[PDB]
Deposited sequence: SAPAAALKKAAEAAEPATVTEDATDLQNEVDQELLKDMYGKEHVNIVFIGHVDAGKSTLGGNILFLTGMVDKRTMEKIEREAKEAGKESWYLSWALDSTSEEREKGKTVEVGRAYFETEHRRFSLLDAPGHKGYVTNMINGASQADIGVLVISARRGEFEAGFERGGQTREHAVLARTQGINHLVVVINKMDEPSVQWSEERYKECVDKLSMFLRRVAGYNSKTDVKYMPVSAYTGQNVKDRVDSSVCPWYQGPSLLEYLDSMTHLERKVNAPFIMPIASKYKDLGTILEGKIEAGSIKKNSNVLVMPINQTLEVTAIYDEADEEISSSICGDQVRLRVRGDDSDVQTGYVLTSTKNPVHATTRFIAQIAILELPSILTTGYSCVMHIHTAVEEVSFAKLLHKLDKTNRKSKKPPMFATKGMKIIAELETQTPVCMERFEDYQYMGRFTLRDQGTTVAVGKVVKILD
C-alpha cells in the first residue's frame, strides 16, 4: 500500500553537482529611505561568499544580475518598482527610535510599501526588523515586540496581511551581520528562538511563483480509512477542499474532501512544500502510487520518450541502447530502456562530438530514454523533484539522472 523511499536512494557520494543545480528563486527587497536595504544586501553578498570586502563596500556606497546562494538555493535580487514575478518579498523596517515611527505617518511611506508588495503579488511577506544593534535599540525584546505588534495591526489594516500566517518577522543587524547568515548568539540576544535570515530563506516553503503554479503532488502512498487516502509532498501549486484534482497519466478526475497534515488534523488547505494526506471521492480503481495528482487545467506532463543526463555508479558496463532497468523519478517506479546514447560528459560539462556506442562506471552521459507506459514528469529545470531519477539493475543501483526535455 505504501512507498519506502521516494528515490531517496539518491544518497551516497556528493557528486550531486553540475547536473543537480541549486533552486532558482527571485527575491526582492522593499523598504524606506535609510531602512538598511543596501547594507543588508551587501552584507549578504559578502557573508555568503559572493563578493570580497572592497566589492561589498563598493556596492553599498554606489547603491546610495546580482545573486546570492545558500545551501540549497540561488536567489536573484530584482528591482523595486515568468522570471519577472517575485517568489519572496522582504520588507526592511528600521528598529531605530524616530526612524521606525516616521514610517507610519503622513511623511512616511510604510503603508505605500505594504501596498506595493501586495500589488507585486506578495502574499507571504518576510519582514526584517533591522538595526537591533543601533544604540537606541540594543536587542531589547521590548523594542522588538513594540515594532512587531505595530506592524501586525498596521499591515492587517492597510494591506490585509494576517501576521499569524502570512508575515514572518525577524530581528537582524545588517551592519554587524548578526542573525543574517548565522543565528544571533545567546550572549547578544538571549531571547530570539528562531533561525537566521538565510536559514529561513534557504528552507522557507512559500515561494510565490511555485504556490501559483499548477498543482502537482506525486502519490507516495495509497491506503484506506474513511475511504481511500492518497498522500505525498505537494511539489507545486496549492490544494483547497471539495475541489477536483486530475490523476495522471490515466487522465481520471477525482474530488478532494479532507486534508490531513503530518499531525492528522482536518485542515482546509495546504501549499507546495507540505507533506499531506488527502481523501477523495471517485473511481480510483486504476489509481496507484507513482501517479501524480494535478490541476485539471494545466496538468503535470506525462511521456514515454525524453532526454536526460545520467551518471553510472558501478554497472557491469557495456552496449548502447537496449539496457533495461528500473527508473524512479519521484515515487513512480518504472521499467525504462535506453534508446539513443547521444552525448557523453566529463569534468566541465562540455557535451560530446562522438556519440558513444556504450557507457561505463564513472561515465556521465545524456540519452533518449523510453518507457512502454507513460510516466508523469517535468524538466528538472522547471520542477526539480519532478525530474530527479535513479536507475536500478534488479536489486542493485546503477546510475542517477535528471530529465532535460519532454519529447511530445
{"item": "Missing C-alpha runs, given along the deposited sequence, first residue counted as 1", "value": "1-19, 84-112, 130-140"}
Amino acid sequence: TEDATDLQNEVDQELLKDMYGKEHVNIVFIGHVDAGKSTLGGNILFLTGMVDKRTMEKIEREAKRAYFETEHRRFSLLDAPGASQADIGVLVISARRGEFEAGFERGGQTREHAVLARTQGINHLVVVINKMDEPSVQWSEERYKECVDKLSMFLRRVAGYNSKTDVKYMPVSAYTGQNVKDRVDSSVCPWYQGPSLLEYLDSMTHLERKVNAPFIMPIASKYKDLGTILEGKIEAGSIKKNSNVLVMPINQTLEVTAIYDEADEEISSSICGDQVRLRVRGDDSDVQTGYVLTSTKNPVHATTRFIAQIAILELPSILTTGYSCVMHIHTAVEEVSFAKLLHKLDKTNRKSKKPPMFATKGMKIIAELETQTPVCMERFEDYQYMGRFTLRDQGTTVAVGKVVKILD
From here on, numbers count along this sequence of modelled residues.
| query | finding |
| --- | --- |
| Mean C-alpha temperature factor, higher of 330-338 and 172-180 | 330-338 |
| Comparing 351-359 with 44-52, the one whose average Cα B-factor in the PDB entry is higher | 351-359 |
| Peak C-alpha temperature factor (PDB record), options 208, 149, 235, 265 | 265 |
| Residue with highest C-alpha B-factor in the PDB entry, from 261, 71, 99, 142 | 261 |
| Chain-wide C-alpha B factor ranking for residue 65, given as lowest, middle or highest third | middle |
| Record-listed C-alpha B factor of residue 282: chain third | highest |
| Ranked C-alpha temperature factor of residue 323 among modelled chain residues, by third | highest |
| Chain third (lowest, middle, highest) by recorded CA B-factor, residue given as residue 256 | highest |
| Lowest, middle or highest third - CA B-factor, residue 369 | highest |
